[PDB]
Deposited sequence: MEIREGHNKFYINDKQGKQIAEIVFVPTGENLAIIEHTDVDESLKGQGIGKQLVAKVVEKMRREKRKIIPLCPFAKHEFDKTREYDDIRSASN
C-alpha cells in the first residue's frame, strides 16, 4: 500500500496516485515536510495521518528532526505529543 521514493511516500490505486507526502532533508540533521495531499475520495480514511507517521519513523531512524511546513502536516504535529521530541523550529 504505502510506497517510498526519493523524498516521498505515495499510494497508487490501476496505478493512479491517490496520495503523496513530500519531505526534504536540509543539513545532516533536519527535514522539511513540504506537502501532503490525499485524493478527496479518500477523505474519511486517516491516510494523511498515516503518511505523516511514515515520514516520522524514517526521520527517527536517520536521526533527523522535522519542520512541518505543510499546514496539514503542521496540524498533525500540533495534536500528536509523540512528535514533540522530533519537532524543530
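Residues of the deposited sequence missing from the coordinate set occupy positions 1, 15, 92 to 93.
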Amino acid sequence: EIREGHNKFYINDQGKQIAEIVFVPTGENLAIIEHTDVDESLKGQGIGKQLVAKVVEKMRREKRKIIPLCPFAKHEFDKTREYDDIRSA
From here on, numbers count along this sequence of modelled residues.
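Looking at 47 to 55 and 26 to 34 together, the entry lists the larger mean B-factor for 26 to 34, computed on C-alpha atoms. Taking the PDB entry as given, 78 to 86 carries the higher mean Cα B factor of the two stretches 3 to 11 and 78 to 86.
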